[PDB]
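Next up is one chain by itself, shown in structure tokens, the form deposited in one PDB entry.
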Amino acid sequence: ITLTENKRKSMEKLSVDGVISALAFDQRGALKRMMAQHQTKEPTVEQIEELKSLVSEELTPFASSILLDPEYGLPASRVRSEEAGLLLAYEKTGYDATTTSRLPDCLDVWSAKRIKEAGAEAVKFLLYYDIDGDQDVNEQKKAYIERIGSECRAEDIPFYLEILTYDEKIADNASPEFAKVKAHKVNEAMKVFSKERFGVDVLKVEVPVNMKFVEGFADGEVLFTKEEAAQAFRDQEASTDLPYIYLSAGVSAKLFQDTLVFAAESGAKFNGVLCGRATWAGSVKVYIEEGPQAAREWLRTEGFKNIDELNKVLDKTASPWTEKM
């Protein structure tokens, strides 16, 4: 609620007129798998670092900040636009699929202090959370986030907590079965991690509905009327007093934009986005198949078009965090 002077200065460096128009590219495992769909060989470290730098160079002139990973993204962080702020990811990528606990784990040789020393204006951490899951697992997860929030307090650096929801007993979070419980998963997790003890400054969250099953957006089965969907957005806005920003979860650029419009019309007062794949996903194929110059031209044309159309939508949908602090 009350930002320290340094935390506020950092929030300002990440945003424009209270809106976070951030580019997300801390993907590692998720990126590797995209690359592996066009590549016979294993993608190299140089390839991963290069595409990250290409996205940074070409697109951060159009974002208020960029989120990168320390593993492959530090060269990319240094060629970002002068006007763009920096977030660094702090969690190890992915989860163990042989169990349902998805426990969080910080990068082995990092700390919040180190992230700040590396030039970041925010620490980002991704937590998988099932509000209905095993209570002891969740106890361990809450303790873990308490520690990170305390680090960020001490180092006086904003804590961006990303929450990705799941159900221990539903395999596919794109299924109709998950869509029926998504709003509950998202909104109740936001309520938990908005407690003061967790030290969060900004929540990076999913929209509380799977729009593919909403009337007017759906191409197949319809699970929700527009009014029911709108209510999920209002319930989400009522689930936190913190700034919150949306992730794209890799839907099309157009569906993500249309979702932002719907969210605003419904009453969500979201404060921006940390948007990755919806913007740059198409560059992966070009980069692998046609190389870096071809990917650079893609970024300068299609990439720009995506981020520019996104920015125009944000301009008319997002609300400033400087009305919540």
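We call the rigid core whatever largest set of C-alpha positions still superposes within 1.5 Å between the two forms. When you see a residue number, it is the position in the sequence shown, counting from 1.
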Between 267 to 275 and 39 to 47, the record assigns the higher mean Cα B factor to 39 to 47
Which of the two stretches, 10 to 18 or 300 to 308, shows the higher mean Cα temperature factor in the record?
300 to 308
Can you tell me which of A30, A63, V261, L67 has the maximum CA B-factor listed in the PDB entry?
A30
Out of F224, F193, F159, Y246, highest CA B-factor residue:
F224
Among the chain's modelled residues, which third holds the C-alpha B-factor of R197?
lowest
Among the modelled residues of this chain, does the Cα B factor of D132 put it in the lowest, middle or highest third?
middle
Chain-relative C-alpha B factor for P104 (record values, thirds): the lowest
When the deposited Cα B-factors of this chain's modelled residues are ordered and cut into thirds, is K180 in the lowest, the middle or the highest one?
middle
What third of its chain, lowest, middle or highest, does the C-alpha temperature factor of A238 fall into?
middle
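Not on display, but discussed next: the form deposited in another entry.
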Post core alignment: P292 C-alpha displaced by 2 Å or more between this form and the one not shown:
yes
Using a rigid core alignment, state whether the CA of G282 is displaced by 2 Å or more between this form and the one not shown.
yes
Taking the rigid core as the reference frame, is the Cα of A264 displaced by 2 Å or more between this form and the one not shown?
no
